[PDB]
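Heads up: the protein sequence lines correspond to chains A and A', in order. A prime marks a further copy of an entry chain. Quick note: the first sequence uses the deposited numbering, first residue 14, plus one each step. Quick note: the second sequence uses the deposited numbering, first residue 14, plus one each step.
There are 2 protein chains.
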Amino acid sequence: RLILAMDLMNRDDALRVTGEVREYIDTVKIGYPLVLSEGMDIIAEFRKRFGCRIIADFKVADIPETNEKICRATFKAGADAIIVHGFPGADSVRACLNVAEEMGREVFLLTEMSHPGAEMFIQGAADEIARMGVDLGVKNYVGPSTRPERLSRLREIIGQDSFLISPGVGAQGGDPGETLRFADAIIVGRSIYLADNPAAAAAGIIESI
Amino acid sequence: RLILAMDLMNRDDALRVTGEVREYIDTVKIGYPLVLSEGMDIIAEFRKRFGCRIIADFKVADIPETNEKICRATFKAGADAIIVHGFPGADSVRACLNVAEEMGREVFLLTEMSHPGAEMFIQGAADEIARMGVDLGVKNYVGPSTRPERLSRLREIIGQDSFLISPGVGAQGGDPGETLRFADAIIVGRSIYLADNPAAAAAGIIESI
Ligand SMILES: O=c1cc(O)n([C@@H]2O[C@H](COP(=O)(O)O)[C@@H](O)[C@H]2O)c(=O)[nH]1
Ligand SMILES: O=c1cc(O)n([C@@H]2O[C@H](COP(=O)(O)O)[C@@H](O)[C@H]2O)c(=O)[nH]1
Numbered sequence: 014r015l016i017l018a019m020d021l022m023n024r025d026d027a028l029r030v031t032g033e034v035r036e037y038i039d040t041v042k043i044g045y046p047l048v049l050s051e052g053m054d055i056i057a058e059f060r061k062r063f064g065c066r067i068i069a070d071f072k073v074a075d076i077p078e079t080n081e082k083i084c085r086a087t088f089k090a091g092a093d094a095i096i097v098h099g100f101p102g103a104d105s106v107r108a109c110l111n112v113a114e115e116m117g118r119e120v121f122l123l124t125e126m127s128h129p130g131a132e133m134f135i136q137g138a139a140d141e142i143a144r145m146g147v148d149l150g151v152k153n154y155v156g157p158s159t160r161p162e163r164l165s166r167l168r169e170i171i172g173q174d175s176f177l178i179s180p181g182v183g184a185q186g187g188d189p190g191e192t193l194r195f196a197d198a199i200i201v202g203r204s205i206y207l208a209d210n211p212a213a214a215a216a217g218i219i220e221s222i
Numbered sequence: 014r015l016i017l018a019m020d021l022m023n024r025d026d027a028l029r030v031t032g033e034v035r036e037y038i039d040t041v042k043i044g045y046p047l048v049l050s051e052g053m054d055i056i057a058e059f060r061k062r063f064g065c066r067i068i069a070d071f072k073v074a075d076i077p078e079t080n081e082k083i084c085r086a087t088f089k090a091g092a093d094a095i096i097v098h099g100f101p102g103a104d105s106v107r108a109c110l111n112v113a114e115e116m117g118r119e120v121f122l123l124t125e126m127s128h129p130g131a132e133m134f135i136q137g138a139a140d141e142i143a144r145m146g147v148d149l150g151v152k153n154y155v156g157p158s159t160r161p162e163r164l165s166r167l168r169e170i171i172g173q174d175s176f177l178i179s180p181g182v183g184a185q186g187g188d189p190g191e192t193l194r195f196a197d198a199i200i201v202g203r204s205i206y207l208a209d210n211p212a213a214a215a216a217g218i219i220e221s222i
């Protein structure tokens, strides 16, 4: 129930830390901090080297036509799933779902975000974004560890069968145990990758739950 | 007043079309369709080969800490400016502005989007996103060619001194002339890059205005 957010920017460090904590995870979330620094080939390298599933956290948030192109390039690169913003609307999300269907991959819909600024505009639209996901057939979602009451409401909307992962654990203030009352898995970045001993940090999280 | 949205996915085609229309533009918008296919080095290559300013259209839409990393990698790659979503809130936008200040670069704030789905959630928050930009000191904005009445309202909020660029011209239905009544420059992608003669398409747009 632990997903590593590998946001280190250099390949050697990213490979070192991921290898050190492999026994505690099975899924690695790779985003733009690593991809824009080392290239899209890093996805296939990780997939092969560690045998872990890769979620490409690209927060896709463009018009339908561009979203289609982004998803196609991402799945061609070997990603198992891609995270997509729901705020740009149903057509933009559907474009991602269509490419995922064509390529036998998955889409994760980001509903409410975990940082303070999410309260400004995203929070007020989050319940509706989650309902839109349900209506579009989305089965994978992302919700905030920093607001468990919101994570609870989001879980209520998507149902128990939907898969929900949650970032904001550790560095941002979220708690592993409380978050897992509602989410199926927690995403952890800095608490593990900036630790003096990443494996010890990961093991500690796995034990606390 | 014409910016090329270079969304072709292969380097050879992208280089061919951009070179053919160079005399009609001075700024190229490069997004993820090209970057995720050919790598971040394509930005410096274009900048050197064509001597054009490059706007990295990455629709940055993450938490502050990740946005900082994305902006740093993007400016290190040579981009002159980066497009950032305002929907995730002020802290996320400020993180981008701080990196731009540190690196002597610019941030463009995306307010309302041009596609149909933008009406679902973005449109209702767009005026407030634009006001947030003004309050944060943002001087560069993106608004929709497909809704000139909204582009007018956005221009009203940001003032005449702010720089406003606008996509949705051509393929999405927007008109060059009407859009330029409010925007300083128009962004055009498919109408030019999918044309049998891109230079002829660009020249035709430049003439119609
Ligand atoms: O609402 C959200 C959605 C995210 O994807 N994330 C992401 O999850 C990760 C959390 O990292 P960290 O554990 O270091 O705070 C980062 O990669 C971040 O971009 C987030 O923090 N909040
Ligand atoms: O609201 C917006 C913001 C954008 O950046 N864009 C972008 O501007 C370009 C418009 O391309 P086109 O002229 O082919 O429709 C694309 O790169 C797209 O991602 C848009 O279409 N609408």
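We put the beta carbon where it would ideally sit given N, CA and C, even for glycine.
Would residue i and residue j be called neighbours here (beta carbons separated by less than 8 Å)?
| i | j | result |
| --- | --- | --- |
| residue 86/A | residue 68/A | no |
| residue 34/A | residue 184/A | no |
| residue 127/A | residue 157/A | yes |
| residue 220/A | residue 163/A | no |
| residue 46/A | residue 26/A | no |
| residue 22/A | residue 49/A' | no |
| residue 200/A | residue 179/A | yes |
| residue 152/A | residue 176/A | yes |
| residue 103/A' | residue 186/A | no |
| residue 40/A' | residue 16/A' | yes |
| residue 14/A | residue 197/A | yes |
| residue 208/A | residue 37/A | no |
| residue 181/A | residue 18/A | no |
| residue 51/A' | residue 24/A' | yes |
What are the start and end residues of the alpha helix (DSSP H) that includes residue i?
| i | result |
| --- | --- |
| residue 45/A' | 45 to 51 |
| residue 81/A | 77 to 89 |
| residue 111/A' | 103 to 116 |
| residue 131/A' | Where residue 131/A' is concerned, there is no enclosing alpha helix (DSSP H), given that its DSSP letter is neither H nor E. |
| residue 203/A | 203 to 206 |
| residue 217/A | 211 to 221 |
| residue 31/A' | 24 to 34 |
| residue 160/A' | It is not in any alpha helix (DSSP H) - residue 160/A' carries neither H nor E in the DSSP assignment. |
Quick check on residue i: does DSSP put it in helix, strand or coil?
| i | result |
| --- | --- |
| residue 198/A' | strand |
| residue 151/A' | coil |
| residue 57/A | helix |
| residue 94/A' | strand |
| residue 123/A' | strand |
| residue 40/A' | strand |
| residue 187/A | strand |
Could you pull out every residue in the same chain whose Cβ sits closer than 8 Å to the Cβ of residue i, ignoring the five residues on either side in sequence?
| i | result |
| --- | --- |
| residue 73/A | 80, 83, 84, 95, 96, 97, 98, 105 and 109 |
| residue 190/A | 221 and 222 |
| residue 88/A' | 95, 112, 113, 116 and 118 |
| residue 107/A | 77 and 149 |
| residue 172/A | 147 |
| residue 63/A | 31, 32, 35 and 41 |
Ends of the beta strand (DSSP E) at residue i?
| i | result |
| --- | --- |
| residue 69/A' | 66 to 73 |
| residue 19/A' | 15 to 19 |
| residue 178/A | 176 to 179 |
Tell me which same chain residues have a C-beta within less than 7 Å of the C-beta of residue i, skipping the five on either side of it?
| i | result |
| --- | --- |
| residue 56/A | 43, 67, 69, 90, 91 and 92 |
| residue 144/A | 170 |
| residue 214/A | 204, 205 and 208 |
| residue 138/A' | 100 |
| residue 140/A | 166 and 170 |
| residue 159/A' | 127, 181, 185, 186 and 187 |
If I measure Cβ to Cβ from residue i and keep anything under 6 Å in the same chain, skipping five residues before and after, which residues do I get?
| i | result |
| --- | --- |
| residue 195/A' | 164, 165 and 168 |
| residue 146/A | 122 |
| residue 161/A' | 191 |
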